[PDB]
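> Starting off with a structure, shown below.
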RNA sequence: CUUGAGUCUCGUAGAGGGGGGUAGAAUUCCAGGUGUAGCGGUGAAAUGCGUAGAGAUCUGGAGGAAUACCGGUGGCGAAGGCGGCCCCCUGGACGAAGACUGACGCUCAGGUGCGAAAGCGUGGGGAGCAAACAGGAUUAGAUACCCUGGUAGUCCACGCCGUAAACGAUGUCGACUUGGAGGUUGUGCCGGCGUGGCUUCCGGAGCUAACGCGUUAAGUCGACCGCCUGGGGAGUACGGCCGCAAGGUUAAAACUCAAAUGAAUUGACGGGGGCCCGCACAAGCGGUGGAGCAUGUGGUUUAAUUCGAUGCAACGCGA
Ligand SMILES: [Mg+2]
Ligand SMILES: [Mg+2]
Ligand SMILES: [Mg+2]
Ligand SMILES: [Mg+2]
Ligand SMILES: [Mg+2]
Ligand SMILES: [Mg+2]
Ligand SMILES: [Mg+2]
Ligand SMILES: [Mg+2]
Ligand SMILES: [Mg+2]
Ligand SMILES: [Mg+2]
Ligand SMILES: [Mg+2]
Ligand SMILES: [Mg+2]
Ligand SMILES: [Mg+2]
Ligand SMILES: [Mg+2]
Ligand SMILES: [Mg+2]
Ligand SMILES: [Mg+2]
Ligand SMILES: [Mg+2]
Ligand SMILES: [Mg+2]
Ligand SMILES: [Mg+2]
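Chains as they are written, first to last, in the deposited numbering: chain U, 2 to 71; chain G, 2 to 154; chain K, 13 to 129; chain R, 9 to 74.
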């Protein structure tokens, strides 16, 4: 994320463009993910758990628009 | 409390000057429901302080209160087993409550003979930043400033 | 002494500390400051306020170069990233650039083991 | 969405066609996920091979910070 | 004889395998420039590094290992497994139209081969990580968890080992038996309509102790193999075989018990989660704990110091 300060662009607005360029490139998440070694078994396990619960969430939701609360 | 509905309580103004603030001061000085004693102490101290300052009663009061009122204090928030002194801005009602409490405590742990003269001398020293009450204000302010990094939870 | 007026601000923002270094555009350190040397230890060193104060001090240190317009290289995941730049813009510099320079391996070396706490 | 490589009769993706490939990398230079562009899986693989080839010949950068 | 099995033609996707080459990012080290008082680390610290110039920053160089993004309940492979890019050698699978052979098939004791990680032998290599180890902490202790280091090893070649929760805890082959939504890869007809391979999720009958499985069956059947027969003793001993070794494999008995076990249910509990409440914290005021005395109690004493209460919920209690 290399933000150029543009003309008449005040500081706040360029700072916010930089924060979003970073949060979009995922610099911080990549850094946190590279702090400690993770065994391949743990990697495969967390990938599968995220897939299973995303799928279960979509399914529970699309049945939630078939139940009434009151 | 958890619920929250503390309707505030009616306090009469003081008879001599008609000030709710001075009545709060009498209440904070009062011991064992003996309000007549406390009122006689407060009026004697205020008359003495006004003669020794020339100003007026209910203005020398607010001048001594001004140099004791804290602006920011620290609340404890435990994070890692240990605690973080967190600076928090003091509400004006609490500003005056704490100023009065500190002034009374200071005037109590003084050396003059009667409580009226001790309170007068404490009020006089607070009007030029020399008593233990303004020392407590300064200590609280320096704690909050030494913890200013933690002005977040 | 010398006049440069176009500097680069390097912020090394770790979890534990913040290091602010101002150089010229050629990489020569004119001055520096750290959160841990600006009056902060342990639980305070790793806060955005300590980094802000470190950046204040590093701006105050390079005063006799007449630096006027700064580039900003941010490196690392620590708390002192945003606050340092918000204090460089304040201190008096005309921030012209903000880049992230966090090193990312494209695979790289095996990291240390996970902490069990 | 709309995988553009199907709609245009594409057999190969041609790493030498830098104008096309620049649409599928970010500013950083990273390959955009097919979930963002809606490219079909077969062409996403073709595109990845093409981008890596173009990077090797210094037609595309690996990164923003070379 | 041609439908099982197989051959050929044309094409398709693929981290399938073996060999070689190469690129970029990053770590570490080396040299040099700038610069100065800290860095690093943690829950907090310390050990450690640093004025003999560290950390930071910049330029050049060396070397090893791994390949961000793509990347996907995506792909390939018999399983183990396989991921930058390029070339060489090479295996399998699938589809479309046909042509060919003519039951050539399925399973498989013994045999034979492949077989993660660790480990072993010889020779290389060694960035990062890191058993052992050392120091610093923590602790009642702390041969740990945390920190600073750090050697085998992790890498390569060749040879060995032959084991893993080597798992779908589900042997292989074949047939049949309602559906729905996706993923991936072919293919016919015109985004729409078909037809194949593999694959993920749900679910019908049926099945199941139940949980669940459900055309990729744990349903309905057939062929062949492997294996089980209460818990412990014990996958241990002895013997054989195999191994350089570590050990692997085959595999008992005495003795001892009345259980051991699976699934599910109601509770209770959690240093699990969520939402609420109470002078529970917070915000406050006044106390108790110290003194003297009153009073009860424990204890001791006594001829007797009558009996009872004796965590909260006994102790100015029955009185
Ligand atoms: Mg660490
Ligand atoms: Mg056999
Ligand atoms: Mg090994
Ligand atoms: Mg070896
Ligand atoms: Mg060796
Ligand atoms: Mg260690
Ligand atoms: Mg076994
Ligand atoms: Mg496995
Ligand atoms: Mg598995
Ligand atoms: Mg088994
Ligand atoms: Mg089902
Ligand atoms: Mg044995
Ligand atoms: Mg033996
Ligand atoms: Mg309280
Ligand atoms: Mg007492
Ligand atoms: Mg008794
Ligand atoms: Mg009794
Ligand atoms: Mg009893
Ligand atoms: Mg009771």
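Where is the CB? At the ideal position from N, CA and C, for every residue including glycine.
#1: Rounded to a whole number of angstroms, what is the C-alpha to C-alpha distance between residue 122 of chain K and residue 71 of chain R?
#2: In the DSSP assignment, the alpha helix (DSSP H) including residue 28 of chain U goes from what residue to what residue?
#3: Name the chain U residues whose beta carbon is nearer than 8 Å to that of residue 36 of chain R?
#4: Count the other CB atoms, across all protein chains shown, that sit within 10 Å of the CB of residue 11 of chain U; report buried if there are 16 or more and exposed otherwise.
#5: Excluding the 5 residues flanking residue 60 of chain K on each side, which residues of the same chain have their C-beta closer than 6 Å to its C-beta?
#6: Against chain U, which members of the region 23-37 of chain K pass a CB distance test of less than 8 Å?
#7: Name the chain K residues whose beta carbon is nearer than 8 Å to that of residue 145 of chain G?
#8: Which residues does DSSP list as the beta-bridge partners of residue 89 of chain G?
#9: Do residue 79 of chain K and residue 129 of chain K have their CB atoms nearer than 8 Å?
#10: Under 7 Å between beta-carbons, which chain K residues line up against residue 149 of chain G? List them in chain order, please.
#11: Sort K/104, K/88, K/108, K/100 by Cα distance to residue 29 of chain U and report the nearest one.
#12: Under the DSSP definition of a beta bridge, which residues are partnered with residue 44 of chain K?
#13: Please state if the CB of residue 46 of chain G and the CB of residue 99 of chain G are separated by a distance shorter than 8 Å.
#14: Measure the CB-CB distance between residue 76 of chain K and residue 13 of chain K and report whether it falls below 8 Å.
#15: At a Cβ cut of 8 Å, what residues of the region 25-48 of chain U count as close to chain K, listed as they run along the chain?
#16: At the level of alpha carbons, what is the spacing between residue 48 of chain G and residue 62 of chain G?
On the basis of the supplied data:
#1: 21 Å
#2: 28-34
#3: 2, 26
#4: exposed
#5: 91, 92, 95
#6: none
#7: Per Cβ cutoff of 8 Å: no residues; residue 145 of chain G is ~13 Å from chain K at best.
#8: G/74
#9: no
#10: 61
#11: K/88
#12: K/33
#13: no
#14: yes
#15: 26, 28, 29, 31, 32, 33, 35, 36, 37, 38, 39
#16: 11 Å
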